[PDB]
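K.L.:
Top line first, the protein sequences correspond to chains X and D.
The first sequence begins at 1894 in the deposited numbering and counts up one residue at a time.
The second sequence begins at 2641 in the deposited numbering and counts up one residue at a time.
From the three backbone atoms N, C-alpha and C, an ideal C-beta is built for every residue, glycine too.
A single structure is presented below for examination.
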Amino acid sequence: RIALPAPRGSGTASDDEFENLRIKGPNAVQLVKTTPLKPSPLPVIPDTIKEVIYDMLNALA
Amino acid sequence: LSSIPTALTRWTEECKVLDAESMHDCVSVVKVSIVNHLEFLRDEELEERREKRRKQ
């Protein structure tokens, strides 16, 4: 997510007008923040990928 | 152990071998799609923040 810099000054007529000039300005510094972690489930490994991984484990012996 | 190369370093090697200069072009093509989405969400969150301030 592109970061939002703090509210520069309370007040909508003047401060938020120049806060849009700053944040949305052609020249700006779009720093990034990550989203909060979404609970990813483990991907089921395909059977062919398990006949690839198992053949190396057999090559250990 | 940190001696083990990370996925980004293996992909970096792969990219180098398979496309030294076309990586930048793909970064540009994908950037055009990412920045527009993140700026749209940035402007929506910014509107929400101003609205919540007003509603307070």
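#1: Thinking C-alpha only, which one of X/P1929, X/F1911 and X/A1899 is nearest D/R2689?
#2: May I ask you to report which of helix, strand or coil DSSP gives X/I1916?
#3: Whole-angstrom Cβ separation of X/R1894 and D/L2686, contact assumed at under 8 angstroms?
#4: By the three-class DSSP mapping on this structure, what secondary structure does D/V2657 have?
#5: Run through chain D and tell me which residues come within less than 8 angstroms of X/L1897, C-beta to C-beta.
#6: Would you say D/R2694 faces chain X, with C-beta separation under 9 angstroms as the test?
#7: Where does the unbroken alpha helix (DSSP H) through D/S2662 begin, and where does it stop?
#8: Which residues in chain D have a C-beta closer than 8 angstroms to the C-beta of X/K1943? List them in chain order.
P.N.:
Quick answer:
#1: Counted from its first residue, the second sequence places residue 2689 of chain D at position 49. Among X/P1929, X/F1911 and X/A1899, the Cα nearest to that of D/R2689 is on X/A1899.
#2: By 1-based counting over the first sequence, the position of residue 1916 of chain X is 23. It is helical.
#3: Taking the first sequence and counting its residues from 1, one reaches residue 1894 of chain X at position 1. Taking the second sequence and counting its residues from 1, one reaches residue 2686 of chain D at position 46. At roughly 12 angstroms, the Cβ-Cβ gap does not stay under 8 angstroms, so X/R1894 and D/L2686 are not in contact.
#4: The count along the second sequence starts at 1 and reaches residue 2657 of chain D at position 17. D/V2657: helix per DSSP, three-state reduction.
#5: Within the first sequence, numbered from 1, the residue matching residue 1897 of chain X stands at position 4. By Cβ distance, chain D contributes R2682, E2685, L2686 and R2689.
#6: Position 54 of the second sequence, counting from 1, holds the residue named residue 2694 of chain D. Taking Cβ atoms only, chain X reaches closer than 9 angstroms to D/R2694, which makes this a yes.
#7: Sequence index remark: in the second sequence, residue 2662 of chain D carries index 22 (1-based). Taken as a continuous stretch (DSSP letters only), the alpha helix (DSSP H) holding D/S2662 covers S2662 to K2695.
#8: Here residue 1943 of chain X refers to the residue found at position 50 when the first sequence is read from its first residue. Within chain D, no residue comes near X/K1943; the closest Cβ sits about 20 angstroms away, beyond 8 angstroms.
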